[PDB]
4 protein chains.
Amino acid sequence: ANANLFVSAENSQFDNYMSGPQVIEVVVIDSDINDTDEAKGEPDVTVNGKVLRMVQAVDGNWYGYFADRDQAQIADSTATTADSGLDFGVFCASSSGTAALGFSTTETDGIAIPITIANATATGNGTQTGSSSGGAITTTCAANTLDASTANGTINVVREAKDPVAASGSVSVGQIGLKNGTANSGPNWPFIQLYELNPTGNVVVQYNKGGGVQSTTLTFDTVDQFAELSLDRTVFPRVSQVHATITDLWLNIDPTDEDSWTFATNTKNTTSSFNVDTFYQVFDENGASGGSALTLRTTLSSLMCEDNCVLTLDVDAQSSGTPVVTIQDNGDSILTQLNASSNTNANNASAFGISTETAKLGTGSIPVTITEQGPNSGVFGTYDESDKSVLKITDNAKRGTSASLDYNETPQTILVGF
Amino acid sequence: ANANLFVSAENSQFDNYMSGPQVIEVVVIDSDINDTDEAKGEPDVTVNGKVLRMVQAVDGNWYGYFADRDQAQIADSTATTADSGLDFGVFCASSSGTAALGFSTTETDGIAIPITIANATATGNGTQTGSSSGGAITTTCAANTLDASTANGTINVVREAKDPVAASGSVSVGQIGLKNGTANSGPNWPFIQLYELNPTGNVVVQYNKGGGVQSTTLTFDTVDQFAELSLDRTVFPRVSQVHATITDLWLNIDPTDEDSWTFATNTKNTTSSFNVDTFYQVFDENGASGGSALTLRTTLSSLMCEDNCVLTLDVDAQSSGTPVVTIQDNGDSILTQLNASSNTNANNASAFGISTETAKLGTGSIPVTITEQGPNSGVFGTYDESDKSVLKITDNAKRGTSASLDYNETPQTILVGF
Amino acid sequence: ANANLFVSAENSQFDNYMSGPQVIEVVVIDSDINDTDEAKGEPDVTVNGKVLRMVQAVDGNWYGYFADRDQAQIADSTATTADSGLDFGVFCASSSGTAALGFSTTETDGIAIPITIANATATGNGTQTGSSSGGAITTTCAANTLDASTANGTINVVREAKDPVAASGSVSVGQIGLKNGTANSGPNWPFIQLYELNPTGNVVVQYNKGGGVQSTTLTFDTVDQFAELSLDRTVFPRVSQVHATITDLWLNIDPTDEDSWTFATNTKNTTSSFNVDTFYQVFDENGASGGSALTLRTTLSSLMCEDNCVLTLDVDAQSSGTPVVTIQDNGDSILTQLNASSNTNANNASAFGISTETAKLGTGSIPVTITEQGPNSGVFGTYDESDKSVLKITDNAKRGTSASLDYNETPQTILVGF
Amino acid sequence: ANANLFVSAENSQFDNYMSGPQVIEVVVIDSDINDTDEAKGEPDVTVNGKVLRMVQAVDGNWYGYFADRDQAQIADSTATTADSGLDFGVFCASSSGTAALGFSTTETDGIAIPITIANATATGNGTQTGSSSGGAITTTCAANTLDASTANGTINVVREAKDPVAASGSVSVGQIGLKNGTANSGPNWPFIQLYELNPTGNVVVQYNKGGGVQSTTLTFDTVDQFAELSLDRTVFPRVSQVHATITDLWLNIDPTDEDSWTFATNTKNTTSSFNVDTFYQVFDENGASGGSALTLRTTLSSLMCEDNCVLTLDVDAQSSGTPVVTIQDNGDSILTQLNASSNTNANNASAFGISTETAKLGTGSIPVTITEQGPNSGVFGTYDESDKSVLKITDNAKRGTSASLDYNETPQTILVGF
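Every chain here is numbered from 1 following its written sequence, a scheme that can differ from the numbering in the entry; residues without coordinates are not drawn. Both sets of labels track the order of writing: A upward for chains, 1 upward for ligands. This view holds some of the chains of a larger assembly, and the values cover only those chains. Hydrogens are left out, water is left out, and the side-chain values use all remaining heavy atoms of the structure.

Participant: How should the overall build of chain A be read in this particular structure?
Facilitator: Per the convention used, a helix needs a DSSP run of H or I reaching at least four residues, while a strand needs a run of E reaching at least two, with both numbered from the N terminus. The helix and strand inventory of chain A stands at 4 helices and 27 strands. Here the radius of gyration uses the C-alpha set of atoms, whereas the globule reference equals 2.2 Å times the residue count to the power 0.38. At 23 Å, chain A has a C-alpha radius of gyration in line with the 22 Å of a compact globule built from 418 residues. For chain A, the spread of C-alpha atoms along the principal axes amounts to about 70 × 50 × 35 Å. Each residue gets one of three labels from its accessible area relative to the maximum for its type: buried under 20%, exposed over 50%, partly exposed in between, using a 1.4 Å probe on protein chains only. Residue burial in chain A is summarised as follows: out of 418 residues, 61% are buried. Entry remark: accessible area of chain A is about 14300 Å², with carbon and sulfur atoms responsible for 45%. Computed with the Shrake-Rupley method and a 1.4 Å probe, the accessible areas treat only the protein chains shown as cover for residues.

Participant: What's the story with the pattern of salt bridges in this structure? I'm lost.
Facilitator: Proximity of charged atoms lets side chains of opposite charge pair with each other. Residue and element names in this part refer to chain A. By definition here, a salt bridge exists when the distance from a side-chain nitrogen of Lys or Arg to a carboxyl oxygen of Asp or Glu is within 4 Å. Inspection of the entire model under this criterion finds 45 salt bridges over all chains. With a closest N to O distance of 3.3 Å, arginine 69 and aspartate 70 form a salt bridge. The exposure classification of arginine 69 matches that of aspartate 70, with both residues buried. We note a salt bridge from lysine 268 to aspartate 314, for which the minimum N-O separation is 3.7 Å. With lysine 268 in the loop between β17 (260–264) and β18 (278–280) and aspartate 314 in strand β19 (residues 311–314), the pair connects residues that are 46 residues apart, well separated along the chain. Here the residues in one salt-bridge network are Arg159, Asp254, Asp257 and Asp259, joined through shared partners.

Participant: What is the right way to look at the sheet that holds strand β26 (residues 410–414) of chain B in this model?
Facilitator: Sheet strands pair by backbone hydrogen bonding; their relative direction is either parallel or antiparallel. Residue and element names in this part refer to chain B. Read from one edge of the open sheet, 3 strands run β18-β25-β26, paired in antiparallel fashion. On the outer flanks of this sheet lie β18 (311–314) and β26, each paired with one strand and no other. Taking the axes of each pair of neighbouring strands and ignoring which way they run, one obtains an average angle of 20° across the sheet. Here a strand pair is declared whenever DSSP counts at least two bridges between the two strands. The sheet contact formed by strand β25 (residues 403–407) and β26 spans 5 bridges and is antiparallel. Across the sheet, residue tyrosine 407 finds its bridge partner in β26, namely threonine 410. An axis is simply a line fitted to the C-alpha atoms; with a helix, the fit covers only the stretch in contact. Between two such axes, the angle follows the N-to-C directions and lies from 0 to 180 degrees.

Participant: I tried to follow the relation of the copies chain A and chain C on my own but got confused; where do I start?
Facilitator: Relating the two copies of this chain is a rotation about some axis coupled with a shift parallel to it. The copies are aligned by least squares, using only their C-alpha atoms. Aligned on chain C, chain A shows an RMSD of 0.4 Å; the corresponding rotation is 57° and the shift along the axis is 1.5 Å. The superposition of one copy onto the other is thereby described by a six-fold rotation axis. Every residue of chain A has its C-alpha some distance from the rotation axis, and the shortest such distance is that of A:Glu38, at 9.3 Å.

Participant: Before we go on, may I ask you to explain the pairing of strand β3 (residues 24–28) of chain B in this structure?
Facilitator: One face of the sheet, then the other: side chains in a regular strand alternate in exactly this way. All names here are of chain B. Along β3, 5 of the 5 residues are buried, which leaves the element largely enclosed by surrounding structure. Residues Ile24, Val26 and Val28 line one face of β3 and the alternating positions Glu25 and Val27 line the opposite face, and both faces are buried. Sheet topology places strand β1 (residues 5–7) next to β3; 3 bridges connect them, and they run antiparallel. When the sheet's bridge partners are listed, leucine 5 is paired in β3 with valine 28. Where β3 meets strand β7 (residues 62–68), 5 bridges bridge the pair, whose relative direction is antiparallel. The residue bridging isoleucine 24 from the neighbouring strand is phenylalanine 66, located in β7.

Participant: Where do I start with the packing of aromatic side chains in this structure?
Facilitator: In this description, an aromatic ring pair is defined by two values, namely the gap between the centres and the angle between the planes. Paired rings are identified among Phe, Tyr and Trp, the last through its six-membered ring, by centres lying within 6.5 Å, and are further divided according to the angle between planes into stacked (under 30 degrees), edge-to-face (over 60) and tilted (the rest). Using the criterion set out here, one finds 30 aromatic pairs over all chains in the structure. Ring centres of C:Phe66 and C:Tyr195 lie 6.0 Å apart, and the angle between their planes is 40°; on these two criteria the pair is classed as tilted. Note that C:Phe66 is positioned in strand β7 (residues 62–68) and C:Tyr195 in strand β10 (residues 192–195), a separation of 129 residues in sequence. Residues C:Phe66 and C:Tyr195 agree in their burial class; the two are buried. A centroid spacing of 5.6 Å and a plane angle of 80° characterise the contact between C:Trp189 and C:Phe191, whose relative ring orientation is edge-to-face. Taken together, the aromatic side chains of D:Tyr63, D:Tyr65, D:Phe103, D:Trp189 and D:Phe191 make up a single cluster linked through ring pairs. The ring centre of A:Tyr63 lies 5.2 Å from the NZ or CZ of A:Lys162, which sits over that ring. One residue, D:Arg233, lies across the ring of D:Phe236, its end atom 5.9 Å from the ring centre. Counted as over-ring charges are cases with an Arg CZ or a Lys NZ within 6 Å of the ring centre that also lie within 35 degrees of the ring normal.

Participant: Can you help me understand helix α1 (residues 69–77) of chain A in this one?
Facilitator: Count 3.6 residues to each turn of an α-helix, and residues three or four apart come out pointing the same way. Most of α1(A) is tucked away, with 9 of its 9 residues classed as buried. Here the buried face of α1(A) lies against β7 (62–68), β8 (90–92), β10 (192–195) and β12 (214–220) of chain A. Residues are treated as being in contact if the distance between any of their heavy atoms lies within 4.5 Å.

Participant: I keep staring at the interface of chain A and chain C and nothing clicks. Help me out?
Facilitator: How large an interface is tends to be reported as the accessible area lost when its parts come together. Contacts between the two partners involve 27 residues from chain A, matched on the other side by 26 residues from chain C. Here the buried area means the combined drop in accessible surface, using a 1.4 Å probe, for two parts upon being joined, counting both sides. For the pair chain A and chain C, the two sides together bury roughly 1900 Å², of which 40% comes from carbon and sulfur. Inspection of the chain A/chain C interface yields 1 salt bridge. Only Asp, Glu, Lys and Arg are considered charged in this grouping, and only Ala, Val, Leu, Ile, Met, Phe, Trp, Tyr, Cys and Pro are considered nonpolar; every other residue, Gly among them, is considered polar. Each residue belonging to the side of chain A that touches chain C can be placed in one class, and the counts come to 5 nonpolar, 11 polar and 11 charged.

Participant: Even after reading the chapter, I still don't get the interface of chain B and chain A, so can you show me in this structure?
Facilitator: With 23 residues of chain B at the interface, the matching set in chain A holds 22 residues. Counting each side, the surface lost to burial between chain B and chain A is near 1700 Å², with a carbon and sulfur contribution of 47%. Sorting the residues of chain B by area buried against chain A places B:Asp32, B:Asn208 and B:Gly210 first, and these three jointly supply 22% of that buried surface. At the junction of chain B with chain A, the criterion picks out 0 salt bridges. At 4 residues, the largest contribution of residues to the side of chain B that touches chain A is made by strand β11 (residues 201–208) of chain B. By residue class, the composition of the side of chain B that touches chain A is 3 nonpolar, 11 polar and 9 charged.

Participant: Looking at this structure, how should I read the sheet that holds strand β23 (residues 369–372) of chain C?
Facilitator: All names here are of chain C. Taken together, the 6 strands give an open sheet; going across it, the order is β13-β16-β24-β23-β17-β18, and neighbouring strands pair in antiparallel fashion. Only two strands of the sheet have a single neighbouring strand rather than two, namely β13 (228–231) and β18 (278–280). Each neighbouring strand pair of the sheet contributes to a mean axis angle of 25°, computed without reference to strand direction. Pairing analysis gives 4 bridges linking β13 to strand β16 (residues 244–247), with the strands arranged antiparallel. Paired with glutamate 228 across the two strands is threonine 247, which belongs to β16.

Participant: Hey, could you run me through the nonpolar core in this one?
Facilitator: Residue and element names in this part refer to chain A. Throughout, nonpolar core names a set of buried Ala, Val, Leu, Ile, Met, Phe, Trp, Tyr and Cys residues whose side chains join them through atoms within 4.5 Å. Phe88, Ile192 and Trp261 are the most contacted members of the largest nonpolar core, which totals 111 residues. Counting residues per element, this core draws most heavily on β7, at 5 residues. Apart from the residues lying within four places of it in its own chain, the contact partners of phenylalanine 88 are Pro21, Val23, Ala67, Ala72, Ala75, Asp76, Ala112, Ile155, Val157 and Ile192.

Participant: What's the story with the state of the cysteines in this structure? I'm lost.
Facilitator: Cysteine pairs can be linked by a disulfide, which is a covalent bond between their two sulfur atoms. Throughout, a disulfide means two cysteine sulfur atoms within 2.5 Å of one another. Taken as a whole and judged by the stated rule, the model has 8 disulfides over all chains. Disulfide pairing places B:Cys92 opposite B:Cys141 at an S-S distance of 2.0 Å. Between B:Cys92 and B:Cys141, the S-S dihedral sits near -70°, and the bridge is therefore left-handed. Here B:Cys92, found in strand β8 (residues 90–92), pairs with B:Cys141, found in the loop between β9 (111–113) and α3 (143–147); they are 49 residues apart in sequence, far enough to count as distant. One exposure class covers both B:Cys92 and B:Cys141, and it is buried. Shown here is the disulfide that connects C:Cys305 with C:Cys309, its sulfur atoms set 2.0 Å apart. One quick way to see it: the torsion about the S-S bond of C:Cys305 and C:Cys309 is about -75°, and its sign makes the bridge left-handed.

Participant: What am I meant to see in helix α1 (residues 69–78) of chain C here?
Facilitator: Residue and element names in this part refer to chain C. Burial analysis of α1 places 8 of its 10 residues in the buried class, the great majority of the element. Buried within α1 we find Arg69, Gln71, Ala72, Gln73, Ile74, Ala75, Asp76 and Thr78. Looking at the packing, one finds that the buried side of α1 touches β7, β8 (90–92), β10 and β12 (212–220). The backbone nitrogen of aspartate 70 has a side-chain oxygen 2.8 Å away, supplied by the residue at the start of α1, namely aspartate 68. Polar contact is the term for a pair of N or O atoms within 3.5 Å; when the atoms are in protein, one must be able to donate a hydrogen and the other to accept it, and sequence-neighboring residues count only if both atoms are side-chain atoms.

Participant: Can you help me understand the environment of B:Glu258 in this one?
Facilitator: All names here are of chain B. When you line up the elements, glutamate 258 lands in the loop between β15 (244–247) and β16 (260–264). A relative accessible area of 5% places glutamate 258 in the buried class. For the pair formed by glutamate 258 and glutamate 372, sequence separation is 114 residues and the distance between their alpha carbons is 5.3 Å.

Participant: Is there a simple way to explain the side chain of C:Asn408 in this structure?
Facilitator: Residue and element names in this part refer to chain C. With respect to the helices and strands, the residue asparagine 408 is situated in the loop between β26 (402–407) and β27 (410–416). By relative accessible area, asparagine 408 is classed as buried at 12%. Engagement of the side chain of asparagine 408 in a polar contact is seen with the backbone oxygen of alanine 227, the distance being 3.1 Å. Setting aside chain neighbours within four positions, we find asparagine 408 in contact with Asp224, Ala227, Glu306, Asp307, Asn308 and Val310.

Participant: Which parts of the structure should I look at to understand the arrangement of the chains?
Facilitator: The chain pair with the greatest number of contacts, out of 4 pairs of chains in contact, is formed by chains A and C. When C-alpha atoms are compared, chain B and chain C, though not in contact, are closest at a spacing of 18 Å. Taking C-alpha atoms only, the smallest gap left between chain C and chain D, which are not in contact, amounts to 17 Å.

Structural data, given as structure tokens:
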């Protein structure tokens, strides 16, 4: 295998597939270029032949974040508000890298920088939200675009980028000339370089160094065949927790942090306005408020999802009046009892909702939340780090009454017995 | 087999368990960021998803200390006087880190800093003692609280923290911006970041680095199954030193220091006001004055101590008028024969006591001190570096008569035979 | 396999042949001299013995571009306008390198620099257009020639040059003392050095380094035997895409960037003034406009094309009035239906053209555009990255009718079958 | 087997044992932190868990010297004069390192620094002579203690400390903040850190570095089983040299330099005031004067010498009036025939002595001097580099007579035969 090139998608468990709008991180760990006090040369790395500018961090490793241009634009379209949802920041053309970042990026299809626009002109300033249907990037950016920003660090798909090397002596910021080197709240780092990729086609990342080229092969294909949900036990006793494990590649958008998804799985909420929807990063990995909740139901088709990005739950399959599974708050989410009336108890799964986002996650609309088991493992679990699950079996359950939890359009039945 | 992240509670001998008010040292020994003259960044170290602020030391390793919030509060509730017992210092709100420590600490559940309060307001200053019932803390701390401190260094659970990197040019104190960088005697370092953990639930410490993340799993539960006591031999001659090897994880409160505990083990002192008790840091690991002695008998129940944190000694199993075990002053203790009457001799174990703390460790009560064999091995011993035990078989012991020592409610018989 | 010498023409698929006006890129990737903050020694790399000057890039890799003198002069003859077509820039005498570039280049047979001439003196200023025959280049250049250029960066044969190292301290621009060091808009970098080569004779690149010499031998010969057109199926259904893959070494003129070629394949356009022609870089590789279109058919005989540089298309081999194959726009070009009248449909291939190049690619003259599947792959395809082929079968096709696609004078049939 | 941790006591010849007042030298030789112009991280090396501070030297190797506390105090008790004998310097409390040396050393049990005391306060100044028994060192030191020293560099137990790195920019003196940087003459470097050790118990040196821990375990036990005296022949001819080789681990007190020991081996000197005694560093390794001579025989019982630290010689085992073995000066000592009268010859061994140490090594009291065959060899020999043994056979020896050389209480015979 490779010894100096590490790509986020090198996973033999999932056959090195990459899909959706996920950002793929490329890391170079070489002994020849990891001196942070010297102006050593940038590693010559190429994805499908096109160069990929690397920024060195305080650990002496060179980092480059890339994603598909159309997928990133589609994902940013749903990010109606800055720094929330699948927010890629501001799209600037390839020719604007020198003025916006301080170095040439003409070989890439586009760059997404973490700024905000305060004077949204037609040509001189980039696009804040990006086209819904994707397409080519033409809008440019400049130094006044950086200086006029009222807020910096609007990218939410790469949240834990390492700190760039500070300028000292002959060494510039990142050894390539960044203008502002703040790790995540700045207007330059991190930045995603956009490459228009071939669907169902191989993606090859190559690193050039003296001794031999190192190449990694990746596939740009739908990953519905690798997605499945597994229950820990066949039969659930009365008070047992319901730990659910979800393994899916498309949900691993962030290559450097734990991805968190909050769902609306209640399949019987027959209100016309309500729809079964998936939400990205409502609760951070720490269990705090990750931002606002934003719609993703009408977009998953364009986000290359093939029946593997939506979760649906039914608390009672037999409609016996006693729900089987319920939901509960834990350390990875903020779930509160909206209907605090004494007439109902915690056993009512429809009585729990998210207070700050009651517009689509109020009473009813059973909010199921999953967190990633590691920054890049791609395996998600309802249970928190304290073995306390989101889904719980009701205490007054009846033997034989069962609940249906559905993922990947392959529902699994949660049976109750003794 | 991690490469850079090392956790104190990680121990194959005790299966990575953790319990009680233990403070857990997290060290990131990473050769890539070991230098201290460059304006390097903080490594991304999180536990249970919550970020853990790291401070670089003069040895080039980043340090960070965390503990359970409820356990830390309960332990500090027994700190009647500052810098004594299980004193965690002074607690403050998680939003007070910027005002007090100079850097944000929002993602935690409270910080324990070794400040003291001169203007003890009910709102603007933290709790010097802490709530005995545990739970969340909302008391905030500000810069004026620092400026009004009359004594810095009240923390007694982290006593050998390494010196933070001194500020110079483009580098701040600890590279993150501590206001005062004097270690083990200042108001900022060391400080403990509190986190909410669930008993019997696993604790996952995470280090995020390029090329692959490093994660360690700890179990936060009662550890009575590992608390064991062993004797070097089976039969003991008339004057042989009695050696006790206490393999207990719970007693290792300080990870960076050897810990000293004092017990009142007299099982037959029928005085009503006297009870079997435990004390923390009565003496230093060098046998000097370790501070004041504070009660812990009534607090061990809330400190996850299921029959694994108390010591009681039986000196005459048959009650034949011939005592078997007695105690002496050592190099790791300041024991004193208070009853210096010429009528009695060194065999009367009830004649020994401690001068400074005669209130509970006075004449009788059999004050017994134990010191850890190593700073973090979690194994304690009565015998010192000079091999002089704390327990001796009496020179006038009758053959066949035996004494029993009790730890973990598992009696250990000390047979005497020729 | 070489350890530190990389030559673009070194391809095992084509037995390291080279032909035509190709610019060959020589890269030195070596850890010994990969630093940029020190004035290290220029690598002593030679081709056929003659020294080839190299400029360091921000990636710590030494870059040098060379090409045949006759082929480059012939190609620059066709580029009647600046910064479009096979425009090599401005030819200068070998003695003019020290005045213009700032370093000796005497051993070369000529240098092409990206400038323009305002005062076209017969002696003191070089030739902007070259000659259609070639030969020695006696026209010289000076510093005033550089300062009298109103549009720097006219080279269109190399578009993805890296950044010369910034001059700091003892370090000069790059490492060899360039006078201007911008990526592709300045008057110095990039530049091609002109070398006489022997047709049917080997071209040897030598790198003289301590410990041994690294050699890479090429071949300067017609590569028509390596040209072939492949189709993805034997019979083409009703509305299938027509994917064409062109494996041609000759068409890979730029070694650093992808090359786009726009054609005029309509063989039956019997207009006297119309003639089948090939065009270079009409559209940018990202789909934008890549410059004006210039005639090459009167040149392809002089560029070693042994009937392997012309594409001819005949949509209806039977003239049944129902054209089998039509064309449409995709992401790698800008195709437009010039005739927007409702009297015609999308099946009228002759109704498509380029709005900005109507003079030679107007109505009729079916413009087929190809893009190289990689910066130096040497293999071209009509489809874009979204699998949207330029050639598409008309929906009204008659069974048994077929189209004839002819490349390398080897016509192929596109049979319609169900 | 270790990669970067080197410990002086690690000897396969003696099974890594150590004993007595030996100063053990710990060297870190690591390419990661071997530079001297950067403020790299101090290596995290510990013995028995306690941290051992290390100072970098001009050779890029981090140096650290430690010794047992009781043995060092006992040895410094014998050195009644400064900079002579087993003089460890001035003992200071562990809390005084930050004031005197300039860095924290609390985890140590005491530090010995090379100064002298002008104002011998009971509290504010350390103990110059230590104690003959040992115990904890409560006497502290401060900066005024350093500045009040009229003779810096009194340590005679380590003589070859390498020069600490000079302070430049962010780099401090010794890379850890030494106040004075002159080595072997200054008041700071070298210094020995005092550590409690367990007799018959292992001493473990741990080095905590990224990628794994390097461990070297010693043994603190009497090494009399490794002491032996070897003779180069069985029968000694008329004027043969008597070459004695002493393989003793205990006598290798200094780990950096060669150690010279001058003896008083005359067993038949029946003067009441006379006594058989051992002396340390009377003469330098180069033959010059190495300092005053101090009594040790009253101490060798307290220095773990199990009858393996005293050499006794009897020239004539039969008292025939013709001594067999006589002594002679060489290049590793300064011996002188005090009785220059012509009435005697060179065969009168009792006529030799040391002019500067006449009080205890005057006429009679045959002074035998040995020199270690290497800085850390642990093997001593009487001969110099010119093969000029101290012991020589008298030319007028009678056949059949023999001498008795006794080391380790194992007398050996020197038989005269032809």
